[PDB]
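Computation of the quantities below employed the complete heavy-atom set of this structure, encompassing side-chain atoms and omitting hydrogens, waters and symmetry-equivalent molecules. One-based numbering along the sequence shown.
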Amino acid sequence: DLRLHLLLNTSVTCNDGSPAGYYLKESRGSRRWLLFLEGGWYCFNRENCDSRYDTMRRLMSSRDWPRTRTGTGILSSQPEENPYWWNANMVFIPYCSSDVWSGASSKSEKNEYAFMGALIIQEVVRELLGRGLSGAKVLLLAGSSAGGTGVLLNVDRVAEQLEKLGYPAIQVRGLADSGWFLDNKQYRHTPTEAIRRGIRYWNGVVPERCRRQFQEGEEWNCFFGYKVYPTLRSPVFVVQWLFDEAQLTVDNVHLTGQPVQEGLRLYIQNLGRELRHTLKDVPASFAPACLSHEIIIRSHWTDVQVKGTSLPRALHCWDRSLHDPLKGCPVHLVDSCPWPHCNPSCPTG
Ligand SMILES: Nc1nc2ccc(OC(F)(F)F)cc2s1
Ligand SMILES: *[C@@H]1O[C@H](CO)[C@@H](O)[C@H](O)[C@H]1NC(C)=O
């Protein structure tokens, strides 16, 4: 179990002004620290955020958070469930800012909600330094879905923060799961505009080099992995289902069970091909040909394999690669088969 700590800096808040926080399970014998960013979509205007506050309030407020959370998947402390980092210090950072971890705006006379995701990450890091993070060798910033995009948006800022605080020995790395989206055409008209609106509403911030490339008004581009990733300095391992359910949802694709006809077949095959293409120059990546969403905190995350290598193994090979290609220890694992579940190890249900 990971135990809740609300932030001592109570100016760093969830959407409704309640304190943000983190769940922590320390491992005194380890210099590895895993900080996991929870996902859960986002909201981009008053009306949409008001609706989220009615029925997704734990994603907007700490008032009802439990005192503990069980660590699962990569956050598990059991080697059987987590062959990769079972002995690490484990941190789960609840997503309560609804801003894809990009916001830096407080609740105020003019703002019904606070959007402080980027500040939450930095405040968590600062408060952890006194609880052992100061002695870390590796800080792995991981996250799923909106948290995976949050990794891409924040990993270099965490690195810069620790450098400026005087901890140059801590190696900051990223693990972005299910946060690598395509700004593609929908299958039918009903994602780019939502982020453009959100950035303004949240006072959202993006990594500096990416911001300098795209410039004012175009920072929404930095929420798309294939555009922001090449600008990043920190090592980032990208985990992405080729047929991610959230991608298909934003693309207005709903697979019932009737025979898929040619237009949709071509659409789905093209989506997988495009995703594969965007990963070709990502040296640390795990991209199975499955219709699914998220993996790293699922208890059965050990089961999927690409080219016979599981994700925990690929992450271990990545660790080895960052010591100083490895025989039988691959780090770039992208399926080439073109249809969901052409990989036999894909999740079932
Ligand atoms: N460029 C984009 N980044 C994100 C991050 C999270 C998100 O919510 C979802 F549930 F789809 F993951 C959508 C998008 S679009
Ligand atoms: C608390 O957080 C705010 C917002 O990030 C920051 O401006 C302020 O310096 C912090 N105060 C302390 C004591 O850490």
Side-chain angles (χ1 to χ4, degrees), residues 36-41 72-75 84 100 142-152 174-187 191 223-229 236-256 260 264-315 318 330-349:
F36 175 83
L37 304 178
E38 185 185 21
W41 294 99
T72 58
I74 201 169
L75 289 168
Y84 174 52
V100 200
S144 293
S145 194
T149 310
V151 166
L152 300 172
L175 170 57
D177 167 29
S178 295
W180 185 275
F181 292 93
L182 300 183
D183 54 342
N184 67 341
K185 296 194 183 48
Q186 300 184 297
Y187 174 65
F223 284 63
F224 290 84
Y226 77 95
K227 301 186 201 189
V228 64
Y229 173 92
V236 174
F237 191 111
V238 175
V239 177
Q240 186 65 36
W241 303 115
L242 294 179
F243 312 99
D244 184 274
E245 293 169 334
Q247 179 79 50
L248 286 172
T249 292
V250 302
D251 285 330
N252 194 211
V253 172
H254 309 288
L255 291 172
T256 54
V260 173
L264 181 57
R265 174 176 65 249
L266 294 179
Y267 185 93
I268 289 166
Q269 289 176 329
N270 181 68
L271 168 65
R273 171 199 74 74
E274 289 176 349
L275 211 295
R276 264 194 48 88
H277 180 258
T278 62
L279 295 173
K280 289 216 175 72
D281 297 332
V282 176
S285 50
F286 187 86
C290 312
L291 176 57
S292 192
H293 190 50
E294 306 184 336
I295 181 192
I296 64 169
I297 62 166
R298 301 167 75 172
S299 78
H300 296 90
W301 75 305
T302 54
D303 294 343
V304 59
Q305 300 180 7
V306 173
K307 300 177 163 65
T309 300
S310 70
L311 177 52
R313 176 158 182 76
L315 294 172
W318 184 47
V331 310
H332 179 90
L333 294 164
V334 181
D335 265 331
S336 54
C337 60
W339 195 259
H341 222 137
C342 58
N343 184 323
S345 72
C346 288
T348 285

What pair of heavy atoms forms the shortest contact from [X] to [Y], and how long is it?
X	Y	value
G179	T149	O-OG1, 2.9 Å
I296	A142	CD1-CB, 3.9 Å
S178	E294	OG-N, 2.9 Å
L37	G150	CD1-C, 3.8 Å
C337	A289	O-CB, 3.7 Å
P338	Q269	O-CG, 3.6 Å

What is the distance from atom [atom1] of [X] to atom [atom2] of [Y], rounded to the nearest 0.5 Å?
X	Y	atom1	atom2	result
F243	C342	CZ	SG	6.0 Å
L175	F286	CG	CZ	11.5 Å
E245	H254	CD	NE2	12.0 Å
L242	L271	CG	CG	8.0 Å
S144	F36	OG	CZ	3.5 Å
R313	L333	CZ	CG	10.0 Å

Practice prompt. For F181, enumerate each residue passing the ring-ring contact (aromatic ring centres under 6.0 Å, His included) test, keeping only those at least two apart in sequence or located in another chain.
Written response: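 By the ring-ring contact (aromatic ring centres under 6.0 Å, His included) rule, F181 matches no residue at all.
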Worksheet, complete the sentence: Sequence neighbours excluded, the answer for ring-ring contact (aromatic ring centres under 6.0 Å, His included) partners of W318 is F237
Discussion item. Would the distance check show the side chain of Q247 and the main-chain N or O of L182 forming a donor-acceptor pair, the cut-off being under 3.5 Å?
Written reply: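 It does hold such a pair.
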Worksheet item: After noting the C-alpha distance and the side-chain angles of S336 and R276, does the key distance pass the side-chain contact (heavy atoms from CB on, under 4.5 Å) rule?
Response: CA-CA 8 Å; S336 54; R276 264 194 48 88; 3.7 Å; yes
Fill in: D244 vs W180, side-chain contact (heavy atoms from CB on, under 4.5 Å): CA-CA, chis, key distance, verdict
CA-CA 9 Å; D244 184 274; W180 185 275; over 6 Å; no
Any [X] side-chain heavy atom under 4.5 Å of [Y] side chain:
X	Y	result
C290	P347	yes
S145	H293	yes
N184	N270	no
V306	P288	yes
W301	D177	no
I297	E38	no
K280	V334	no

Worksheet item: Quick one: which of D335, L275, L248, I295 gives a side chain to side chain contact (heavy atoms under 4.5 Å, CB included) with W241?
Response: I295
Discussion item. Run the salt bridge (charged side-chain N to carboxylate O under 4.0 Å, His left out) test against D183 and tell me which residues pass, sequence neighbours left out.
Written reply: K227
